[PDB]
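A.B. asks:
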Amino acid sequence: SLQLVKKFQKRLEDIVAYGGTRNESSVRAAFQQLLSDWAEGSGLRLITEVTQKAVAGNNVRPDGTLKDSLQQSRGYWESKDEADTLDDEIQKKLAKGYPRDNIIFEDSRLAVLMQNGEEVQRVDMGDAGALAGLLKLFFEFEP
Amino acid sequence: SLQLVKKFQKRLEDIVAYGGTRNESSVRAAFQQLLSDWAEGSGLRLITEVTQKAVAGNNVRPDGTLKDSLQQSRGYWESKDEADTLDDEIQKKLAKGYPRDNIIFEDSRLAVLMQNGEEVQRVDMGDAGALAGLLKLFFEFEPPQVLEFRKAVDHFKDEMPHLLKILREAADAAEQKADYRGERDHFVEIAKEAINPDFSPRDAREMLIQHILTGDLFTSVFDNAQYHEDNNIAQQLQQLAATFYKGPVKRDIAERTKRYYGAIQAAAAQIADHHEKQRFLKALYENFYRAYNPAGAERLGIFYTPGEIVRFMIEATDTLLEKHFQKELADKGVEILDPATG
Amino acid sequence: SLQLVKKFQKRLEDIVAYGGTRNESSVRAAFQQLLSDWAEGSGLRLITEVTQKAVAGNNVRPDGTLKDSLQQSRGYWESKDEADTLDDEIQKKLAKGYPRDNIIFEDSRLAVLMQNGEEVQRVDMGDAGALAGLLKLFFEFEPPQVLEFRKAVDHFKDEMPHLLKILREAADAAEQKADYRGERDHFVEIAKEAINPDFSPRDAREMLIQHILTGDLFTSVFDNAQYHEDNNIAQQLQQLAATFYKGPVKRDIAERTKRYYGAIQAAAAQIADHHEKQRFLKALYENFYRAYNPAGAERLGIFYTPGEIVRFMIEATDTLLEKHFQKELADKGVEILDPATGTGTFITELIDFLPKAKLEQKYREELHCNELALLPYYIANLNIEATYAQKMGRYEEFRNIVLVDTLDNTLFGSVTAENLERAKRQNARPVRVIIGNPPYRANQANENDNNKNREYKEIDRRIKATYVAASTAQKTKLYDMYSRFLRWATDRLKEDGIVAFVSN
Amino acid sequence: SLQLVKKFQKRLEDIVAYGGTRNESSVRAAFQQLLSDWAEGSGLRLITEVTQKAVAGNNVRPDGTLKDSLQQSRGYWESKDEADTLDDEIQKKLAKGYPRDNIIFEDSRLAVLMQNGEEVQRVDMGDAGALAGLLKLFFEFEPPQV
DNA sequence: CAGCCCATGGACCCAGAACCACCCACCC
DNA sequence: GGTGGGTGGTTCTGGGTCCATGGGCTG
DNA sequence: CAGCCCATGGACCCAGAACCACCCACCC
DNA sequence: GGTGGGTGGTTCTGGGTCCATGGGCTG
Ligand SMILES: C[S@@+](CC[C@H](N)C(=O)[O-])C[C@H]1O[C@@H](n2cnc3c(N)ncnc32)[C@H](O)[C@@H]1O
Ligand SMILES: [Ca+2]
Ligand SMILES: [Ca+2]
Ligand SMILES: [Ca+2]
Ligand SMILES: [Ca+2]
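Chains as they are written, first to last, in our numbering: chain R, 1 to 143; chain H, 1001 to 1342; chain S, 2001 to 2504; chain Z, 3001 to 3146.
#1: Just checking, does the stretch 1058-1077 of chain H make contact with the stretch 1025-1042 of chain H on the three C-beta pairs under 8 angstroms criterion?
#2: Give me the DSSP bridge partner(s) of residue 3147 of chain Z.
#3: Listing by chain order, which chain H residues have their CB less than 9 angstroms from the CB of Z/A3017?
#4: Taking just the CA atoms, how far does Z/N3023 sit from Z/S3001?
#5: At 9 angstroms on the CB atoms, spell out the chain H contacts of S/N2232, in chain order.
#6: To which residues does DSSP link S/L2046 through a beta bridge?
#7: What in chain H is Cβ-close to Z/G3126, meaning under 8 angstroms?
#8: Can you confirm whether Z/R3045, when its beta carbon is compared against all beta carbons of chain S, has any partner nearer than 8 angstroms?
#9: Mind listing the chain R neighbours of H/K1080? Cutoff is C-beta to C-beta under 8 angstroms, in chain order.
#10: In whole angstroms, what is the alpha-carbon distance linking H/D1331 and H/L1284?
#11: Please name the residue, chosen from S/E2365, S/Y2363, S/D2338, that lies closest to S/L2407 on a Cα-to-Cα basis.
#12: What does S/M2392 pair with, by DSSP beta-bridge criteria?
#13: Return the chain-ordered ranges of every alpha helix (DSSP H) run that is complete within the stretch 1122-1182 of chain H and spans a minimum of 4 residues.
#14: Chain S partners of R/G20, CB-CB under 8 angstroms?
#15: Within the continuous alpha helix (DSSP H) that includes S/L2321, where are the two ends?
#16: Can you look up H/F1105 in the DSSP assignment and give me helix, strand or coil?
#17: Helix, strand or coil: how does DSSP classify R/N59 here?
#18: If contacts are defined as beta-carbon pairs under 8 angstroms, then R/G75 and R/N102 qualify, I think. What distance do you get, rounded to the angstrom?
#19: Taking all protein chains shown into account, decide if S/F2412 is buried (16 or more other Cβ within 10 angstroms of its Cβ) or exposed.
#20: Could you tell me the distance, in whole angstroms, from the CA atom of S/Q2226 to the CA atom of H/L1320?
#21: Quick check: is any heavy atom of ligand 2 less than 7 angstroms from the C-beta of H/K1053?
#22: Along the beta strand (DSSP E) that carries S/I2435, what are the first and last residues, could you check?
#23: Taking its Cβ as the centre, do 16 or more other Cβ atoms sit within 10 Å of H/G1041, making it buried, or is it exposed?
#24: Going by C-alpha to C-alpha distance, which of R/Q3, R/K53, R/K93, R/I47 sits closest to H/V1016?
#25: Tell me the rounded alpha-carbon separation between H/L1135 and H/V1120.
#26: Around the Cβ of S/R2394, are there at least 16 other Cβ atoms within 10 angstroms (buried) or fewer (exposed)?
#27: So who's on the other strand from S/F2501, going by DSSP bridges?
#28: Is it the case that the stretch 1258-1278 of chain H contacts the stretch 1193-1201 of chain H, given that we only count it when at least three CB pairs across the two stretches are under 8 angstroms?
#29: Nearest by alpha-carbon distance to S/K2475: which of S/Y2378, S/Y2018, S/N2443 is it?
#30: Hey, would you say H/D1318 sits closer than 8 angstroms to H/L1329, going by beta carbons?
#31: Counting only the same chain and skipping the five closest in sequence on each side, list residues whose C-beta sits under 8 angstroms from that of S/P2144.
#32: Considering just the uninterrupted stretch of the alpha helix (DSSP H) at S/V2468, what are its terminal residues?
#33: Residues near ligand 3, CB to any non-hydrogen atom under 7 angstroms, in chain order?
#34: With hydrogens ignored, establish whether the beta-carbon of S/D2203 is closer than 7 angstroms to any heavy atom of ligand 1.
#35: Which term fits Z/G3126, buried or exposed, when burial requires 16 or more other beta carbons within 10 angstroms of its beta carbon?
#36: Could you pull the DSSP bridge partners for S/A2111 from this structure?
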């Protein structure tokens, strides 16, 4: 709901204070936890950096890989640094053969959801109620 | 908490089950969660992939870095793959310079705590209890900066008499100013009729020495610089300080006491927890009178209490209140007075 | 210096000639005195048999330790006997846990430095050159703590907007009061005759922010809280700040700004040389404007001048004072003004140049300073007084800095009656050197910027009668702030003077 | 002598201001320097810690041993930490088997010169003029043949 | 005098590129 | 067992624009 | 009542005492 | 080449007094 969403923000604010680093390498840990928990709470998981292979044969590596019990993939997460126009890095990722089924291209400020090939929604990750909406949609997108 | 480790035992298997991966980068998320969550409470936080530099100037990246509010590393975590024999791989990355302060080398089935270049324990990953013990040892390590604070607190006890001698000279130089002599009568008379009917100008000078001693320490090692301009009696003795704490006069006293303050000032800057400051507060409360007014320190019996004595007291008080009056200690209405605070 | 090295070699033979002793208890006394005399020059001191703890814990006892003013060790010394081989016993002593950060293993015949577990200089002793090299390197090693004060300086250089946002929010929410709103409109009036004839309510808000921000750093990073209680300018402004920075509000803002100020004050406490802490004074001076008001950073041209240029510009004026006139910087009558003082690097390096005898008279009434902005003024004053403490002895308020628009000081500096009369005594002085670094700004980015260098009526009038007059250039760019400062400097200079500026 | 004693003071406070210890081992560096410097101009030299023999013993070890240009001991100094009561450290010392031909018993703020079989005068080290007069005699004491 | 011509040099900053650390698939 | 390749971070280093705004002059 | 008699437990220091660390003079 | 005395720090640890001062007699 909204509680876990607020918890993610708290964690990220501690990363940029106890470490001072706003690099994704350290910031991603916050969203990793949020995504992994909403998942277990809705019958799933968030196995991390599982190498996927593209049609062109490129071993891509999303930061996440919502997988389910029979070991199949349902979603993929990819967080970019909070220091770049997001709609530019989305293109670069997809141009390597990145999955287009249900991918959360997320920077620390904005979270974009793509499904099939269209931007379903873009939310300020700060608004608790708004992200709570987008995150729920990603976890409910069934094939 | 075996509770928090209980969940690690499952998330490790779950992450290999709901997705058939075994590689380190995919299975290390479980231990990340465990460490970061336990830390949130202890006061620390785990910042992952910190590019801390090492001896010889090469740059290294532990899997996690337990940092505190002053961005001061207190412990490092590092995870290898289950296949990679932890023992052999430990020395491989120790050569690259990975810190030996408090590093947890952790494979999927075994973990090794290494405090001060020495393997403390090698808990297996299956037992929640053993793992919890290892993690508790890792979380309760006194960093170099608290052994250094502790050394300095001892010196401050030995430097106390000479620092107080300089404060006596400051109060005697004040006793030569007529502005101070007038301000003295107001305080002596006031404190007498308001605290104890036999107050003396020397007791007022001693109280001023406490005010200015605690004042400089409270504005640096405690950094509560506002305390002295919001507390009723702090502002009541602010006139007694200002009289001789002005421009050149203040400078002289401050610089004279700086050689004693400097030691505990630096020490309490690289510390963040109030519990460390509490030791210095107790030392100041006692040593001052022992090295200035032992006559007062018998009429006020200034001695500090054991922590275990008041911890056990607090447990007993709640259980007794909840067996005769059936009320909790936190039940709104139970007023608790502390006559002799100290 | 190599002189001290030769003195040690004369004491080494004296011990084995007068006493004829070859025992460690007596062949090391020479090196003890040598490091001791070098150390007193650097600012540290060698304290013998300091019982230290080892990696195992076993109490070890390096024969000496380079203790600081905060009793921290910058290095160690282990004198052994002339006879025993050093390289074997270096590896046996080290096993018990002896230090390895900066230890000089000596044996009255060979001195080795193992710095960071690394042999850097195995100078065989009895040397008329590289032994002095060894001791120089040892007494100039970088403590592991100075490289963290550097790391924390850069973080703050980049988490300054986030910290400034807190202070910005505070000043907006204070405008709800009628005590703030009333006193911030009297600040504007007093400052519409002193520094900026176009002082806006938003300029008064900027000054308030700087005052508070630097107040918290001056009492912690630099330990000098009494500066703000003595400085005339601070007092005129706390009248305006303790209208909102009070009790609860004061505490709230201070505790919200801690996750930024914390680390800097936890590495600035472990260094104890002001010259290293001056790197932050510079950083704050520039970064603040780039993270808050770049419009000010433009016309004022806020920038720091590298020390090499400054030191050259000081020794060169001294070597010209006897050439064409006849004096020496440390004489009597060499009144050295410096408009545009900024971080104060032009008067701090002068203090270090002047000898430690006549410095008193020069610091008191021959060194003068001039500033327009608040942050530079405060930083410069504090820097000069702290450099005086590091050089002469007891802190003595520098009473020759002012807040006036140099080009307009020809009722100027009326912010405080103190700075007004301070700039009146300055004006009355027969100034002889005009050193400094003027702004080189000239024109705005694009005309939608709205930022022209204030037309200095009095000063540009003589430019028009002198530089512009002769120049028949169709376009006239002689109204540059650098050329305006040059005009002011030539007119302050009476006779026998050396204007030294660095500009476009 | 007077300017020199007035600098032994500076380097005394310096041991405690920089090091932060009052243990004998570290506070002895100030008096060592003073004695050596004074002796240099006069001609002699304080060679520190020259193991000296004893009437009853295997060997003893003073901490100062003025040895002249011809390797002959003509004066000594035994330092003391502030903790010990100097007077009772004297009898403790001159019983084990310590010399009395010329020895300076100095604590840190008071000094005696037990010279050739008897104490001369006891001076405080805080007073420059006092310590000057006494050290002069430690250096102007010459054997009877001279 | 007032529009209307004619100058003339201007206090940085950010994209690549090299390269490095760490781990993963894939030749070995 | 190496190794090249994906992901991300950290230093260097190279390399360069339209347009503001006072004088000089027609008119 | 004042001026003698009768109780009756007391908010810590410290002198060795090991014991070690360094290191020089003597047995190996 | 060991190897104990010999100087110095260091941290334990075992062990133990005369005498204030209110009240109840008390002349
Ligand atoms: C380059 S900085 C000073 C340089 C200084 N040496 C340093 O290293 O920081 C220019 C400074 O001149 C000051 N200043 C003083 N009077 C000024 C004036 N009349 N016009 C422009 N700037 C002035 C500004 O406040 C600004 O901080
Ligand atoms: Ca990423
Ligand atoms: Ca790892
Ligand atoms: Ca040695
Ligand atoms: Ca001694």
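Virtual Cβ for every residue (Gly too), placed ideally from N, Cα, C.
C.D. replies: Walking through what the data contain:
#1: At 8 angstroms Cβ cutoff, the stretches touch.
#2: An answer regarding residue 3147 of chain Z cannot be provided, because it is not within the stretch 3001 to 3146 covered by chain Z.
#3: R1259
#4: 26 angstroms
#5: Going along chain H, no residue has its Cβ under 9 angstroms from S/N2232, so there is no contact; the nearest lies around 12 angstroms.
#6: S/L2066
#7: Ordered by position in chain H, no residue passes the 8 angstroms Cβ test against Z/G3126, which lies about 15 angstroms from the chain.
#8: Against chain S, the CB of Z/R3045 has a partner CB under 8 angstroms away; the residue lies at that interface.
#9: Here the premise fails: no neighbours, minimum Cβ distance about 16 angstroms.
#10: 35 angstroms
#11: S/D2338
#12: Answer is none; S/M2392 lacks a bridge partner.
#13: 1128-1139, 1144-1174
#14: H2155, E2159, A2263
#15: 2307-2321
#16: strand
#17: strand
#18: 4 angstroms
#19: buried
#20: 53 angstroms
#21: no
#22: 2431-2436
#23: exposed
#24: R/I47
#25: It is roughly 11 angstroms from the alpha-carbon of H/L1135 to the alpha-carbon of H/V1120.
#26: exposed
#27: S/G2436
#28: no
#29: S/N2443
#30: yes
#31: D2101
#32: 2467-2470
#33: H/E1024, H/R1028, H/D1063, H/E1078, H/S1079, H/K1080
#34: no
#35: exposed
#36: S/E2106
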